[PDB]
$ cat run_26.tsv   # TSV, C-alpha atoms and all ligand atoms
chain	number	residue	atom	x	y	z
U	1	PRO	CA	-14.16	7.60	-10.02
U	2	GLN	CA	-12.49	4.42	-11.28
U	3	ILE	CA	-8.75	4.72	-10.90
U	4	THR	CA	-6.41	2.47	-12.83
U	5	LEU	CA	-3.04	1.50	-11.47
U	6	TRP	CA	-0.70	2.29	-14.31
U	7	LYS	CA	0.59	5.10	-12.10
U	8	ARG	CA	0.45	5.85	-8.37
U	9	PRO	CA	-3.16	6.56	-7.27
U	10	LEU	CA	-2.59	10.06	-5.97
U	11	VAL	CA	-5.46	12.34	-5.03
U	12	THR	CA	-5.93	15.73	-3.44
U	13	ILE	CA	-6.90	15.84	0.20
U	14	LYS	CA	-7.78	18.60	2.63
U	15	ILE	CA	-6.59	18.19	6.22
U	16	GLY	CA	-6.01	20.80	8.90
U	17	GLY	CA	-6.96	23.55	6.53
U	18	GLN	CA	-4.21	22.46	4.12
U	19	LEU	CA	-4.42	21.01	0.57
U	20	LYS	CA	-2.08	18.09	0.07
U	21	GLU	CA	-1.45	15.16	-2.32
U	22	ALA	CA	-1.84	11.62	-0.92
U	23	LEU	CA	-1.60	8.03	-2.04
U	24	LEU	CA	-4.73	5.80	-1.85
U	25	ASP	CA	-3.18	2.74	-0.26
U	26	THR	CA	-5.06	-0.49	0.25
U	27	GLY	CA	-1.89	-1.97	1.82
U	28	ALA	CA	-1.88	0.55	4.69
U	29	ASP	CA	-3.96	-0.12	7.76
U	30	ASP	CA	-4.01	3.52	8.85
U	31	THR	CA	-3.55	6.96	7.38
U	32	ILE	CA	-0.19	8.68	7.78
U	33	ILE	CA	0.60	12.27	6.87
U	34	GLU	CA	3.90	14.17	6.74
U	35	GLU	CA	4.74	16.44	9.63
U	36	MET	CA	2.12	19.12	10.33
U	37	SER	CA	0.30	20.55	13.33
U	38	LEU	CA	-3.10	19.08	14.25
U	39	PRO	CA	-5.33	20.02	17.12
U	40	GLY	CA	-6.02	17.99	20.23
U	41	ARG	CA	-4.19	15.43	22.24
U	42	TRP	CA	-2.05	12.74	20.68
U	43	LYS	CA	-0.14	9.63	21.72
U	44	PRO	CA	3.02	8.14	20.32
U	45	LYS	CA	2.95	5.09	18.10
U	46	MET	CA	5.41	3.01	16.08
U	47	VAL	CA	4.50	1.97	12.52
U	48	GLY	CA	6.64	-0.09	10.21
U	49	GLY	CA	7.08	-1.82	6.95
U	50	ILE	CA	9.70	-2.00	4.28
U	51	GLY	CA	12.92	-0.56	5.76
U	52	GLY	CA	11.67	-0.77	9.33
U	53	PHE	CA	9.69	1.39	11.74
U	54	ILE	CA	9.10	5.09	12.32
U	55	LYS	CA	7.73	6.97	15.27
U	56	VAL	CA	4.54	8.91	14.72
U	57	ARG	CA	1.96	10.95	16.62
U	58	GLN	CA	-1.54	9.46	16.69
U	59	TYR	CA	-4.38	11.99	16.52
U	60	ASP	CA	-7.97	10.79	16.81
U	61	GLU	CA	-11.22	12.23	15.45
U	62	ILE	CA	-9.59	14.13	12.55
U	63	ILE	CA	-11.71	15.22	9.55
U	64	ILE	CA	-10.14	14.78	6.10
U	65	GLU	CA	-11.69	15.54	2.72
U	66	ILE	CA	-10.43	12.93	0.20
U	67	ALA	CA	-11.03	13.77	-3.45
U	68	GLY	CA	-14.16	15.59	-2.38
U	69	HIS	CA	-15.45	12.97	0.06
U	70	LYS	CA	-15.49	13.77	3.80
U	71	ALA	CA	-14.43	11.26	6.42
U	72	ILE	CA	-13.32	11.18	10.06
U	73	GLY	CA	-10.86	8.95	11.81
U	74	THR	CA	-7.42	8.53	13.24
U	75	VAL	CA	-4.52	10.21	11.48
U	76	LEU	CA	-0.90	9.43	12.18
U	77	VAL	CA	1.62	12.24	11.71
U	78	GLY	CA	5.34	11.59	11.26
U	79	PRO	CA	8.30	11.33	8.90
U	80	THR	CA	6.56	9.32	6.21
U	81	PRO	CA	8.17	9.68	2.78
U	82	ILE	CA	4.66	10.20	1.28
U	83	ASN	CA	1.19	11.05	2.50
U	84	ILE	CA	-0.90	7.83	2.71
U	85	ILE	CA	-4.64	7.37	2.94
U	86	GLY	CA	-5.04	3.94	4.52
U	87	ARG	CA	-7.94	1.56	4.98
U	88	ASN	CA	-9.31	3.33	8.07
U	89	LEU	CA	-10.39	6.24	5.86
U	90	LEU	CA	-10.73	4.43	2.49
U	91	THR	CA	-13.65	2.49	3.93
U	92	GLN	CA	-15.41	5.72	4.84
U	93	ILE	CA	-15.39	7.00	1.31
U	94	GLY	CA	-16.69	3.68	-0.07
U	95	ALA	CA	-13.45	2.67	-1.81
U	96	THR	CA	-13.23	-0.85	-3.19
U	97	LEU	CA	-10.75	-2.87	-5.21
U	98	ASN	CA	-12.33	-4.43	-8.28
U	99	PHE	CA	-11.04	-7.02	-10.77
F	101	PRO	CA	-14.55	-9.58	-7.22
F	102	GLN	CA	-15.31	-6.35	-5.41
F	103	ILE	CA	-13.10	-6.18	-2.32
F	104	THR	CA	-14.03	-3.85	0.50
F	105	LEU	CA	-11.39	-2.58	2.87
F	106	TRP	CA	-12.77	-3.23	6.33
F	107	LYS	CA	-10.12	-5.95	6.65
F	108	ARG	CA	-6.80	-6.34	4.93
F	109	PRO	CA	-7.23	-7.38	1.25
F	110	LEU	CA	-5.47	-10.71	1.52
F	111	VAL	CA	-5.75	-13.22	-1.30
F	112	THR	CA	-4.23	-16.53	-2.25
F	113	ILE	CA	-1.44	-16.52	-4.78
F	114	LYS	CA	0.40	-19.42	-6.43
F	115	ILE	CA	4.05	-19.21	-7.41
F	116	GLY	CA	6.19	-22.23	-8.27
F	117	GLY	CA	3.26	-24.56	-7.54
F	118	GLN	CA	2.98	-23.33	-3.95
F	119	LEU	CA	0.09	-21.44	-2.43
F	120	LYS	CA	0.88	-18.35	-0.39
F	121	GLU	CA	-1.09	-15.47	1.10
F	122	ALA	CA	-0.48	-11.93	-0.21
F	123	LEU	CA	-1.71	-8.40	0.34
F	124	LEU	CA	-3.21	-6.44	-2.58
F	125	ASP	CA	-1.39	-3.10	-2.18
F	126	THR	CA	-2.20	-0.13	-4.40
F	127	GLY	CA	0.47	1.81	-2.48
F	128	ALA	CA	3.20	-0.57	-3.67
F	129	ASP	CA	4.77	0.15	-7.02
F	130	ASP	CA	6.32	-3.35	-7.09
F	131	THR	CA	5.47	-6.93	-6.08
F	132	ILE	CA	7.66	-8.29	-3.32
F	133	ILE	CA	7.59	-11.67	-1.71
F	134	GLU	CA	9.31	-13.22	1.23
F	135	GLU	CA	12.44	-15.27	0.73
F	136	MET	CA	11.96	-18.23	-1.58
F	137	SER	CA	13.59	-19.84	-4.62
F	138	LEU	CA	12.77	-18.50	-8.06
F	139	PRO	CA	14.29	-19.56	-11.36
F	140	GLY	CA	16.62	-17.63	-13.61
F	141	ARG	CA	18.88	-14.70	-13.10
F	142	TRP	CA	18.20	-11.76	-10.85
F	143	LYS	CA	19.23	-8.11	-10.85
F	144	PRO	CA	19.65	-5.66	-8.00
F	145	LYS	CA	16.90	-3.28	-6.97
F	146	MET	CA	16.44	-0.66	-4.30
F	147	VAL	CA	12.91	-0.60	-2.88
F	148	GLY	CA	11.57	2.35	-0.82
F	149	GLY	CA	9.14	1.88	2.03
F	150	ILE	CA	7.98	3.68	5.12
F	151	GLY	CA	11.32	3.19	6.85
F	152	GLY	CA	13.65	3.88	3.96
F	153	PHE	CA	15.19	2.03	1.02
F	154	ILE	CA	16.44	-1.60	1.06
F	155	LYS	CA	18.21	-3.97	-1.34
F	156	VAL	CA	16.22	-6.81	-2.91
F	157	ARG	CA	16.55	-9.37	-5.70
F	158	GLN	CA	14.60	-8.66	-8.92
F	159	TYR	CA	13.35	-11.60	-11.01
F	160	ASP	CA	11.65	-10.90	-14.35
F	161	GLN	CA	8.92	-12.74	-16.22
F	162	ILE	CA	7.83	-14.87	-13.28
F	163	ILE	CA	4.51	-16.76	-13.62
F	164	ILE	CA	2.26	-16.06	-10.65
F	165	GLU	CA	-1.47	-16.68	-10.15
F	166	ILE	CA	-3.31	-14.07	-8.05
F	167	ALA	CA	-6.76	-15.03	-6.77
F	168	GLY	CA	-7.15	-17.21	-9.81
F	169	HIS	CA	-5.90	-14.59	-12.29
F	170	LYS	CA	-2.82	-15.17	-14.36
F	171	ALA	CA	0.08	-12.73	-14.32
F	172	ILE	CA	3.60	-12.93	-15.67
F	173	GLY	CA	5.98	-10.21	-14.58
F	174	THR	CA	8.54	-8.84	-12.22
F	175	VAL	CA	8.73	-10.20	-8.71
F	176	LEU	CA	11.11	-8.89	-6.04
F	177	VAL	CA	12.34	-11.13	-3.28
F	178	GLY	CA	13.50	-9.54	-0.02
F	179	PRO	CA	12.72	-8.69	3.64
F	180	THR	CA	9.10	-7.74	3.53
F	181	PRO	CA	6.59	-7.89	6.46
F	182	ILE	CA	4.15	-9.73	4.17
F	183	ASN	CA	3.89	-10.83	0.55
F	184	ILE	CA	2.75	-7.82	-1.47
F	185	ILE	CA	1.09	-7.68	-4.88
F	186	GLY	CA	1.85	-4.27	-6.22
F	187	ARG	CA	0.71	-2.19	-9.12
F	188	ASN	CA	2.88	-3.93	-11.72
F	189	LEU	CA	0.75	-7.08	-11.34
F	190	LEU	CA	-2.46	-5.47	-10.18
F	191	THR	CA	-2.64	-3.82	-13.62
F	192	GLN	CA	-2.17	-7.17	-15.33
F	193	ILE	CA	-5.15	-8.69	-13.48
F	194	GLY	CA	-7.25	-5.63	-14.28
F	195	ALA	CA	-7.63	-4.23	-10.80
F	196	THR	CA	-8.97	-0.76	-10.25
F	197	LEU	CA	-9.87	1.34	-7.25
F	198	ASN	CA	-13.45	2.57	-7.23
F	199	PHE	CA	-15.37	5.08	-5.08
Z	201	LIG	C1	4.42	-2.63	3.53
Z	201	LIG	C2	2.89	-2.54	3.61
Z	201	LIG	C3	2.33	-3.76	4.35
Z	201	LIG	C4	2.49	-1.31	4.46
Z	201	LIG	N1	2.80	-0.01	4.02
Z	201	LIG	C5	1.99	0.57	2.96
Z	201	LIG	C6	2.62	0.29	1.57
Z	201	LIG	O1	1.54	0.50	0.64
Z	201	LIG	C7	3.78	1.22	1.24
Z	201	LIG	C8	3.41	2.70	1.04
Z	201	LIG	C9	4.59	3.57	0.71
Z	201	LIG	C10	4.87	4.03	-0.56
Z	201	LIG	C11	6.05	4.72	-0.84
Z	201	LIG	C12	6.93	5.03	0.19
Z	201	LIG	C13	6.68	4.66	1.51
Z	201	LIG	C14	5.52	3.92	1.71
Z	201	LIG	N2	4.43	0.77	0.02
Z	201	LIG	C15	5.61	0.14	-0.07
Z	201	LIG	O2	6.27	-0.24	0.86
Z	201	LIG	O3	5.91	-0.10	-1.40
Z	201	LIG	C16	7.11	-0.83	-1.63
Z	201	LIG	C17	6.76	-2.32	-1.49
Z	201	LIG	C18	6.80	-2.87	-2.91
Z	201	LIG	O4	6.66	-1.71	-3.73
Z	201	LIG	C19	7.40	-0.66	-3.10
Z	201	LIG	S1	3.57	1.03	5.02
Z	201	LIG	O5	3.82	2.30	4.28
Z	201	LIG	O6	4.75	0.39	5.60
Z	201	LIG	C20	2.42	1.57	6.25
Z	201	LIG	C21	2.14	0.76	7.33
Z	201	LIG	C22	1.19	1.07	8.27
Z	201	LIG	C23	0.30	2.14	8.05
Z	201	LIG	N3	-0.55	2.48	9.02
Z	201	LIG	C24	0.56	2.97	6.94
Z	201	LIG	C25	1.59	2.67	6.03

$ encode --input "run_26.tsv" --output "structure tokens"
Amino acid sequence: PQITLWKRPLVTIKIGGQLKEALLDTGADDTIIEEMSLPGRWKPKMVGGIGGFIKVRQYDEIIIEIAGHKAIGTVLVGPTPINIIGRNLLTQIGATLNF
Amino acid sequence: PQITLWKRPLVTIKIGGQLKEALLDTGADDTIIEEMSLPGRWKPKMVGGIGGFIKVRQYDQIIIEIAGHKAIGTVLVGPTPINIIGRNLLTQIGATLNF
């Protein structure tokens, strides 16, 4: 699809067997999802931006379906105020910014 | 242009005759730039990011060029990790997300 930016570019995703809403975010280097259980090992990471940093769990090799497009990569899990699909997975679904 | 997302989508902007670098951020509702002088009056604004909400200065009807496209609109000035062009000005320059 072509998504305009009059409103937040929210899409449905499937992760961990769960349907969620997430923001398509070209300003985010990596994908971050609100607290949930994911399989496998993880390591701690700090991510920050406006208002400072938060501590997250980094899970690798996670499959996520994004508006019907499947893609695999690292997913961070932590107390994000919104679910964010960052560049590490946007590239996999062929997302571009056009103007 | 068509901008892929393998690297951060950084572009040149011009504000007040000065060139700066900024991030095209579909996840940002608002445009926020690092401390600088802008003309006119400002109003208070609370901006929410990954770490919480912070106080910034809101300037309206500011002329800004973004990768050679003209925009005139609201610019926030505050503690940001990088200059961010958000949806308020991305819409003006006709940017869309495509996949
Ligand atoms: C600040 C930019 C450079 C980076 N962030 C992405 C931004 O899109 C971020 C996304 C977001 C939306 C709403 C609430 C919370 C976060 N929007 C943001 O702050 O909007 C502010 C700035 C003006 O408008 C409002 S991040 O969330 O800190 C982050 C960093 C690292 C990764 N791996 C993932 C996310």

$ closest_residue --input "run_26.tsv" --among "F:163, F:103, F:171, F:133" --to "ligand LIG 201 (chain Z)" --atoms "all atoms listed in the file"
F:133

$ residues_near_ligand --input "run_26.tsv" --ligand "ligand LIG 201 (chain Z)" --cutoff "8 Å" --atoms "all atoms listed in the file" --output "PyMOL selection string"
(chain U and resi 23+25-32+47-50+52-53+76+80-82+84-86) or (chain F and resi 123+125-132+147-152+180-182+184-186)

$ closest_residue --input "run_26.tsv" --among "F:115, F:175, F:155, F:145" --to "chain U" --atoms "all atoms listed in the file"
F:155

$ atom_distance --input "run_26.tsv" --atom1 "atom CA of residue 176 of chain F" --atom2 "atom CA of residue 34 of chain U"
27.3 Å

$ closest_residue --input "run_26.tsv" --among "F:124, F:166, F:139, F:112" --to "chain U" --atoms "all atoms listed in the file"
F:124

$ residues_around --input "run_26.tsv" --residues "residue 197 of chain F" --least-positions-apart "2" --cutoff "6 Å" --atoms "all atoms listed in the file" --output "number ranges by chain"
U: 2-3, 96-97

$ write_last_selection --input "run_26.tsv" --atoms "C-alpha atoms" --output "PDB file, keeping the file's coordinate frame"
ATOM      1  CA  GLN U   2     -12.490   4.420 -11.280  1.00  0.00           C
ATOM      2  CA  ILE U   3      -8.750   4.720 -10.900  1.00  0.00           C
ATOM      3  CA  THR U  96     -13.230  -0.850  -3.190  1.00  0.00           C
ATOM      4  CA  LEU U  97     -10.750  -2.870  -5.210  1.00  0.00           C
TER       5      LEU U  97
END

$ closest_residue --input "run_26.tsv" --among "F:168, F:117, F:173, F:144" --to "chain U" --atoms "all atoms listed in the file"
F:168

$ atom_distance --input "run_26.tsv" --atom1 "atom CA of residue 169 of chain F" --atom2 "atom CA of residue 199 of chain F"
23.0 Å
